[PDB]
Structures are given as C-alpha cells and as structure tokens.
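Notes follow once the structure below has been shown.
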Amino acid sequence: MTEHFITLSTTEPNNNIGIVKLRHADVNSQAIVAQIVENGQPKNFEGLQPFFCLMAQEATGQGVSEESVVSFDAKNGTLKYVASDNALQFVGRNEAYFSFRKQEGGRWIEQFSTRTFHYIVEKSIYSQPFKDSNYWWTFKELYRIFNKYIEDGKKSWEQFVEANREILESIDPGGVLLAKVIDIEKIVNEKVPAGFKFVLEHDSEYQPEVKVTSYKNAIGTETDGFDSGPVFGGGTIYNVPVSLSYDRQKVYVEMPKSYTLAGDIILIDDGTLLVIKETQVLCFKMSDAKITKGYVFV
Amino acid sequence: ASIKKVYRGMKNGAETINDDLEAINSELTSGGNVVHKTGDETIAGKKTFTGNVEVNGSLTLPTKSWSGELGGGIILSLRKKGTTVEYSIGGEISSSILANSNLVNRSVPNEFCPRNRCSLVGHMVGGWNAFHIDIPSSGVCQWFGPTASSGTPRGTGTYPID
Amino acid sequence: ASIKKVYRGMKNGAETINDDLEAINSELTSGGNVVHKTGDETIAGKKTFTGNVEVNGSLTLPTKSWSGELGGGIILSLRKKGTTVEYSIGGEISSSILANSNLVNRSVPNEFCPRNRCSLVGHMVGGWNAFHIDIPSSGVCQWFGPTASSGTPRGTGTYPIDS
Amino acid sequence: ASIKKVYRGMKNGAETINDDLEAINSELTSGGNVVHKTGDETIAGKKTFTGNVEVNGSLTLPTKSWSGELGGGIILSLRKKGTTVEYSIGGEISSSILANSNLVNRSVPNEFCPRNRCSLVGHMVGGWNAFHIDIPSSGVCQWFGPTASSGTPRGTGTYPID
Amino acid sequence: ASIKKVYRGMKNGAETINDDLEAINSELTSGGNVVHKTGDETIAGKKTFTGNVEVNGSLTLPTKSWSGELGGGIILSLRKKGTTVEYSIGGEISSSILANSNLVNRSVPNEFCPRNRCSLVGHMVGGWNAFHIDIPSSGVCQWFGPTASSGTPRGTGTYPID
Amino acid sequence: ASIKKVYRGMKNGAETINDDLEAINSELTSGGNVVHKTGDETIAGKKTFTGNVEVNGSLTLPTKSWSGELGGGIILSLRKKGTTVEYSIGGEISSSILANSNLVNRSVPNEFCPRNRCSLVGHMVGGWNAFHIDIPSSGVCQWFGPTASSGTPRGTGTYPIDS
Amino acid sequence: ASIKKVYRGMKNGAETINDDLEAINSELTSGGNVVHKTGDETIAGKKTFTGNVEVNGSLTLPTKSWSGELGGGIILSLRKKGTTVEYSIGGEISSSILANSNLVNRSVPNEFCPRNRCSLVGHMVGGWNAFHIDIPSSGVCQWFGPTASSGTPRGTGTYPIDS
C-alpha cells in the first residue's frame, strides 16, 4: 500500500507546512505515516489514544471528523493512519491534525494535539457527477440502485417459481406426481448415462478406460474464427457420466441424453477422439489403447 | 513508578492517592530505576565520583588471561586487570637465543600490547645473572640480554598498557 | 519514608497528604535508603557498574601490612591492597644462605600467600648481582640465587595473589 | 523536587497534588539529587561501599605524568594512578656515575615521592648486569650499582607512594 | 518433550494430539535429551561401546604438560594424553652425574608418575653413546648410564602410566 | 517402546493414545534403544563418527598382558592397547647370547606379533651400550646386538601391530 | 519421521494417529536421524563426551603412510594415526654421512612434520652403537650421531606431532 511520510511537530509554528494529497476513490491503500516531535525530540504519547482530526470545509460542527488511529507506537512517537471512506468523502482543500487524549468517564483529563497540515483530496471519476438518462448522477448512487435491482430481481424470481410450483403441486392430490416425474426425468437426461450411445474401436485385447468431457467454444471451433468466442480456449467443461460396456476390440460408451450430439468425428494420432458440431465438442480420452474407429449407435 | 492521574470529580480519590504514595515510597526502599543503600543492583551509565570512594569488600575488574612460549623455551603468563597487565616469566631455555634477537615462536596478542615499550626485568636461576624482555606495540618480543643456550627464566610483576 | 495511610472520610485529608509528600521529598534530597549526588553515605550490597566509572578523589581498598626476617638478615615488607600485594626487600645478609635453599627463619602468612608461585626480582648493592625469591602457596620462601654470605638485598614492586 | 504546600480549602486541590506526585515521580527516573540506575550522573561526597563492587566498563583515577634525565643520561618516566606510581627506565649512560652516588641533574617532584625508600630494579642491555635506584622523600635519586660510564638502562614496573 | 494429557471428553482433542506428536517428532531430529546423527551435541554419562568405533575427524583427550630440569642439566618435557605420557629429553649436562645415582634437582609430579618402573632410552650427540632414565612411583629419577659430566642428551617417545 | 494399536471403534481410545504418547516420551528422556545425553548406557554396532570427537573423561580400550623370558634371562613385558603394544625390557643376562641369533627360550604369542618387523631400542646398565631386538611375524625374537654374556637390559616404549 | 497432520473432522483419524505413532516408534528402534543402542550408524557433528567412554571393540583413526630414503641409504617408514606418528628406521648406509649433518636425499612431508623437534633413538646392527635423528618443523632431517660410512640402522617407536 501507498504511504505518506510526515514529521509533525507540537512546538514549531508550521500551521500549513506539510501537504498530504490523495484521491476520492482510494479504499484502504492511502496511509499516513507520521513522526511526532516536541522541542526537537520525539514525544511519547503513552496512555493517550491517537485520533485523526479533520477540518472539512462544507461539513463542520462539534465533531467535524474524528477517528481513532489503530496502528501506532507511543514509545517512539510514530503512527500509521489509513485513510477511511469518511476521510476520502470530502473532495477539496482541507486541514487535518492528530490529537492524543486521555478519556475516562465521558470527560477528558489530558489532550495534546500536533500542528495543522494540509489534507487535500483530489476528485475521482466516482466522485465527479455525470449526466445519464437526462439526469445528473454520482457513481455510488447509480451503483446502489443497480445492486438493488439485481438483488430484488433474484428474490422476485425465486418467489415466482416457489408460488407457481405450489399452485401445481400443493393444491392437487395427483398434481404433486406430475411435478415430481418431470423433474426426475430431466435429471436422468443430464446426470444418468442412458440416452446417448457411442462405439469406440481399439487395438487392445483388454478393457481400456474411457473418460468423456463436453465443452463449447474450444480452440479453433468458434463461429467467427479464432478468438471470436466469449471464453478463449473453451468455455465450461463438463465431466460426462458414462456406463462402460466391452466386447473384443470394441468399447460401448453410454452417456446422458443431453450430451447427444451428431457431428464430425475427428481421430487424433493417439488414444483421443473428438465429435465436433460447430462450437459444441465432445471429447473421448482412452488409456492403455489406440482408437481405430469411432461412431454413434442408432 | 507507575502512578495514576489525580483530577477533579474522580471516583475513589482517596484510594488513588494512597496507592500512588505507596508505589512511590516502595521505590524509595527497593527496586525501580534508583540506586539504594541496601541490596544487589545493576548500574548503567558514566558515573563521575568527585568525592573520595571507599571499598570494604572486593573490587572486580574485567579479567583476561593468556600464556604462551615466546621463543627458545621462555613461557610468559599474562593477566589483564583494567589498565594494568600482570606478567609472569617461566619455563626453561632449550635452544640458543642470540643477543638483541627476536622471539618468533609465539606473539603477544594486541589486547595485551602496551602503547609504550615496556621492559620486564627478570632473574636467571643459578647465578647473579639478570635479563629483560621488551614488549613493543606490534607484540613481537625481543631478548635484550646476552647470548644464552641454557638456564631458568623467572620474574613476576606488573606493566602499564596505556 | 514513614508515611500515613490515606482513606475516604479521613479527618485532615489535605494535611496528612502534605506531610506524606514532604516526608518523601525529604528522602529525595538527603538520608533515607537512597544514594544521593551530595553528602557522605554508606552503601551495602553487590553493585554492578556496566558503564564507565570515574573517580576524582581517592580510592580506598582493604589494607593489611606485614614485616619480618625471612632468613639470614633478609627482611621483606609486605602490604596487601585488594588483589595486589606490594613487596619491599631490605636489610643485610648476615649468615650464609645456600643456592636453591628454603628460608626457614619466618614464613609468609596465608593471607599474603599467592595461588601460583611468584618471583621477586632484586639487586645486590655494590655489583651487577641479581637475585629472585619464590613465594609458594605454603609460605616458606625459597632463595633461588647462588650461595651468598654477605651483601645488601634491595627490590620494590608488586605481585598478584589470585589466578 | 520542587513541591507545593497542600492545605484545607485550597483552590484547585486536584491539580496541586497531581503535579506534586508527578514532580516526585520524575525525580525517581531521571535527574534531581538522587543517583539512578541509568544515565550519566555526577556524584559528590565520601561514599563507603561495604559490599562487593563490580566494574564492567573502565575505571578512571587521577593521572599525572613526569619525565626527565635524573643524572648521567638516565631518563625516568613516571605516571601516577591513584596510590600507585608506574616507573619506566630509559636512555643511555653518557658520563661516569660513581658507585653509591647521588644523581644531581634532575630531582623527582614531591607529588611522585613516596614516604619510604623504594628500589627500582633494572637490567643493562648486552650482559647479565643489574642495577637499582633508590628514591627517598626528598627526591634526590641514588645509583646503587657499580661505577659505570657506558650502557643502556632499562626497566618497567610499579612502586607504592604511601 | 513437553506433552499434554489426553483424556475422554476433552475439548479440542484434535489439536492436543497433533501438538503432542509434533513436539515428539521435533526431538527426533534436533535437540531434546537424545543424541542425533547430525549437529554439535554434549553427552554426559558412562558410555560403553561393545561394537567397533570409527573416527574420521579429530579425537580430543585431557592434556597436561610439564617441563623441568631433573638433575645435572637434563630437562625432560612430559605431556599426558589420558593413559599415555609422551616424553622429550633435552638440554646439556653441566655438572658431573654419578653412575646409578638419583636426580635430586626436580622430581616428576605424581600425576605423571607411572605404576611400574619405565626406562627411557636416549642418545648422546656426537658418538655411539646411549643412556636410560628410570622413573618410579615416587618421582625421583635415576641416571643408569656411566659417570658423565658433559654431553647433549636427546630422546623422544611414549611410556605407559598404568 | 511397547505401544498399543489405534483403530476405528476402539474401546477407551483416549486412554490408549495418552499411554502410547507417554511411553514414547519416556524413551526420549531415559532408557529404550536410543542413546541419551544423560545417564550410563551400553551401545552396540559399528558407529562411524565423521565429525570431531571430544572426551573430557577417561577412554578405555581392550587390554591383554604377557610376560616371559625370551632367552638368557631377558624378560619382556608386553601389553596390548587396541592397535599399539607397549613393551618393557627387564631382567639380567645369565647365559651367552650370540650376535644376530634367535632367542629360543619362549616365543611371543601371535596376538602380540606385528605384521612388519619391529625394532625395540634398549640400553645396557653401566655403560653407553645399546641393543635392539627384532620381533618378526613368526614370534621367535632375534637379538641383533653383539655377543654378550652379562649385563642388565632396559627399555620401555611402544610398537605398532598393523600396517 | 514423516508424520501427517491431525485436525478436527479428519477422515481416517484413528488410522492417521496409529500410523504417526508407529512411524515415531520405528525411529525409536532403528534408523532416522537418531543414534541407537543397536545397529551400524553414521554420526556427524562435534560430539563432546563429558563422562567416561569405554570401547570393547576396535577404535579406527585416520591413517596416512609414507616411506623414503632420507640420505646415505637410511629409509624411514612413517604411519600417522590421529595425533601420533609411528616411525620405523631401516635400510643400509652406503655413502659416508658426516656428524651433525643434514640428510638432503628425501625430505619429510609437512603432514608428518611435528611442531616441536623430536629425537628418534636407534641402534646399529653389529655392536653397542647408538644414533638419533632429529625431525624439525621444516622437514630436513639431521644425523646427530658420529661420522659413519657403513652399518645397518634400526629403530621402531612413536613421536608426537602437536605441542
């Protein structure tokens, strides 16, 4: 993270000497490293809690801006204050200082403070207001509304399905059946190896292990040429559930109905075969044997 | 001493004052960062005593010992104590040592080497024979006596280092 | 310092505190159990000075003196100063002392006896004659020079007592 | 420590006591008239240590140096360190010095002169020759060796003053 | 190794066992009270090796040295290495030593004295002359050669003590 | 260490593990089959120390003694200490022993016999006379000195046994 | 020993603990980085034995051998064992060797050279003749006997290398 080094005094009449410049959009990066000095020697603020006191223009009161400094060494008079979202809030030429107090029961005993230093906050693209849809906006405002749409949208949809489902299954003695069967059937079409059938011919006299994977927009299979697809090098890869059946030099791979794809059969030099239909690719990896032929079953 | 602050409208005021006075008075008898008239304590820093100092017990100073055969069979035993090194000549002359010659068998360490050239007066067992060995700033001792082949070297004393 | 206890509802609250503060402050300047920068005080206990010590006055250490004729008119004056004993050879040789023989007239006390054998280099008045007397841990001094019957022995220096 | 008087019906009683306690506590750590375990401080008065004193650093004592030709070409270098004076014999014998005669060229100053007669044993470069010089309370040194006209005198050690 | 007790119905049992096993395993590689195959360690107690011991580095044993003129000008240099003492004959015969006579100048210390009488064979420089010195349990050496008054004695070897 | 086996579904498992850990930890401090930094222990097997070995106590080695008259009143005392044998020549010559002749009274045992011929330098009591006896691998010692009938043989040292 | 970590909700907990205890107990009997009471093992590092050490078997030390004709026909056989070098004098004197002269035919290597000057007592075959050869720190041996032209040099013993 970014650090700003300052050697602040309590005796030397500086008033304005020492600038700290940072931006509005700087979450947890901007840090103030200060050395506290009194009469040329470091002052020990042991038993006193440090505070970042900010005198913001356009936002004054009794507690203009004050926050406890967490990282500090009172033995040597050093502190590290990380700029909080409240300190970044006030864009413009501001004044700040560090205070050290000994508070007990509401009322304070002792409180000594350092000289004032300039705390200048520069605008960000997030702070600057912009014109969108005929109205003037700030980022935080628009980001809040969009995240409300995304979260209330999800909640409204999960309630839509829940309420709709309960019309069919909860209000009917035989309607529960229709709902349940339709869901089971779909799972069996995607997770159970029953629908799709494929034959792999090999050179081995034994039972070679076959692993099947399905993926879209693979290398050099995208519609508009190389690197034209949304996910470069292949999208999501699905490990296809398989039911293996063996005969002499023939492996029968049963797969779910959803993985049914009739395309071009490409045989690679080793124990690897692909079925490519435009963007959709079905991969067959065979161990301890060499694929000679591959074809679907009717 | 670790003391608590006293202020107006303080809860347990009389208790705080008493605890602060007791903490202070405790350091007046034992412990803390103060030298006492009684007890074993460690003192740090450059202390200047303008008055007269009297020691009834034992005075301990940094001690370092060294012994080695300088040359020809002459063994010198050295013991450093502050700014004064105590020498002890011993052994037996085996080989012939020339007059005003250098002893090259063993050299005196730099921590025992004096600023000025010191002479160590010794006596030979047997007759009325006397000898002296010079220690330079380098540490390479010299036999300032006449040419001798046999004899017993003896002599104990002190020599300055600064 | 002798201080009074402070408690709630104390008759004379401020008075007691004042006397306690004055009693402590009195010990900060003079007396008590603390070592001061001014005045003559007695200190007890093992004091280890890690820093540098500077003395402008005079340093005093335990002192004990002894004098006696070792053998054949040879009187040795000894004075102990902590860990170093100062020797002084005097008198005049009356009787004949043999070469490499022990002086049996009077022995050196144990409090002056060193751990290791120490040689005391001396000079005879008149000639270029030199001699050395060895002091063992026993006490009986041994004349390591040649056979002599007459002469004036002289020699002053220091010898260690510990090793 | 500079402390204020505490009395009944005192204006700002809490601040008076607190400042008195803080002033006393400050002297318990640094400064004041009390000797501390840390920091460079100056101590005055006759301090008697009944216990055992241990020094790890350096011990400094009043030092005074003197050098001069006693007589016949013999130069003696003297250095005082408390109650012990360190001697160093050097130079070359130019003129004839008689046996049991007084050295009249330069006398030893009274501040270096011991109460009793001290014999400083030395050795002549080249042979088995030894010599001793007696120093009385007056300062006039005496060559107790034989009648010598040439030779190199050497000898380093320590002699008591009291 | 410092291990914690394992009991039934123990809160955070998984951590306790792992920490106990790791503490034991740490002592199997370095430190503890056990001797390891690697690292510099100190071993105490009577260790009996029934097998064959092989040393590739250096073997260090308790060493004690002694040197002194036995009689007539014969200096013997002795160095003990546990149960074997290394002797070295040197010097020059100054006074007449009788045949089968005792050397009375310096006696061999009891720590160097053997249980049985040992003969140390030597050779005289410049001639086909040989000599032997007998050392008893007492320490008083005996010259068993002929009545000699002058010559250079030499001889180096080893002799048992037990 | 004698430890119990830990398995799934073990009755009173907490006690079992604790007892096993305590039994192992006991062997880490004292006893067992491991060499400790404290206590008297017996070690077996070929131990090769590649590093430096330092002994502060006493080193003990296998010892075997032998004594006997080699020939003509010449008694040799031998003692083995690992790979070095200590010799001691004693007695007095009674009969006449020829020059370069073998002593046939009693031979040196094979366990004391070296691989190579070793010469034992000795000295005759009375004169500057010297002699040496060669010990071959056979055992029969040979007098390499001149023809002698009387005299006292003496000599003590060490000789190697291996090459 | 290689051990697996034990944690909350671990699959095969009882199995892991047992295999960890068995792995540790295996190193307590044989192998690992620990010295045992039984078996042949290699030890590295500076080991300091404060107690008494007893060896019942054989003690092996680093060995280095050298042999050469020093001068005039005298061959010296050397064998280094730790801090002690075993010497063996042999051969036959061919050329005339002067009294107190240096042997320049072959020099003793620096690894065999002692710190102090050692004398090797020997005996000449034929008579009561004795000789000694000095070995300095340089390596150039010196014949300390009288002027000899013929004879058989013999002598076996030991000499220190360190002082």
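Identifiers for the structure tokens are assigned positionally: chains receive A, B, ... in sequence, residues are indexed from 1 per chain, and ligands are indexed from 1 in the order shown.
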
message = Can you give me the C-alpha RMSD, to one decimal in Å, for chain G fitted onto chain F with all Cα atoms paired in order?
response =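 That gives an RMSD of 0.6 Å.
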
Fill in: Residue contacts of residue C:102 (8 Å, only C-alpha atoms) excluding same-chain residues fewer than 4 positions away, as a PyMOL selection string
chain C and resi 140-143

Just write the chosen residues, C-alpha atoms, as a PDB file, in the first residue's frame.
ATOM      1  CA  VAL C 140      58.194 -20.829  53.174  1.00  0.00           C
ATOM      2  CA  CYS C 141      60.170 -18.525  50.816  1.00  0.00           C
ATOM      3  CA  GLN C 142      62.958 -20.067  48.714  1.00  0.00           C
ATOM      4  CA  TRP C 143      66.242 -18.290  47.758  1.00  0.00           C
TER       5      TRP C 143
END

* To do: Identify, on the basis of only C-alpha atoms, every residue whose closest approach to residue F:156 does not exceed 12 Å; exclude the query and any residue fewer than 6 positions from it along the same chain; express the result as a ChimeraX atom specification.
  => /E:87,114,116-122,132-135,156-161 /F:76-79,85-90,120-123,132 /G:156-158

Cut-off 6 Å: closest chain D/chain C atom pairs per residue, using only C-alpha atoms, as CSV:
residue,atom,partner,partner_atom,distance
D:6,CA,C:18,CA,5.1
D:7,CA,C:14,CA,5.4
D:8,CA,C:14,CA,5.7
D:33,CA,C:37,CA,5.3
D:34,CA,C:36,CA,4.4
D:35,CA,C:36,CA,5.4
D:43,CA,C:37,CA,4.2
D:44,CA,C:38,CA,5.0
D:45,CA,C:39,CA,4.7
D:46,CA,C:40,CA,4.5
D:47,CA,C:41,CA,5.3
D:48,CA,C:42,CA,4.7
D:49,CA,C:43,CA,4.8
D:50,CA,C:44,CA,5.1
D:51,CA,C:45,CA,4.5
D:52,CA,C:46,CA,4.9
D:53,CA,C:47,CA,5.2
D:54,CA,C:48,CA,4.6
D:55,CA,C:49,CA,4.9
D:56,CA,C:50,CA,4.8
D:57,CA,C:52,CA,4.6
D:58,CA,C:52,CA,4.8
D:59,CA,C:53,CA,4.9
D:60,CA,C:54,CA,4.5
D:61,CA,C:55,CA,5.3
D:62,CA,C:56,CA,5.9
D:118,CA,C:156,CA,5.7
D:119,CA,C:155,CA,4.9
D:129,CA,C:128,CA,4.7
D:130,CA,C:128,CA,4.6
D:144,CA,C:125,CA,5.7
D:145,CA,C:126,CA,5.5
D:146,CA,C:127,CA,5.3
D:158,CA,C:157,CA,5.6
D:159,CA,C:157,CA,5.3

Residues of chain B were defined as contacting chain E if any atom lay at most 8 Å from it, counting only C-alpha atoms; please report them as an MDAnalysis selection string. chainID B and resid 91:92 94 150
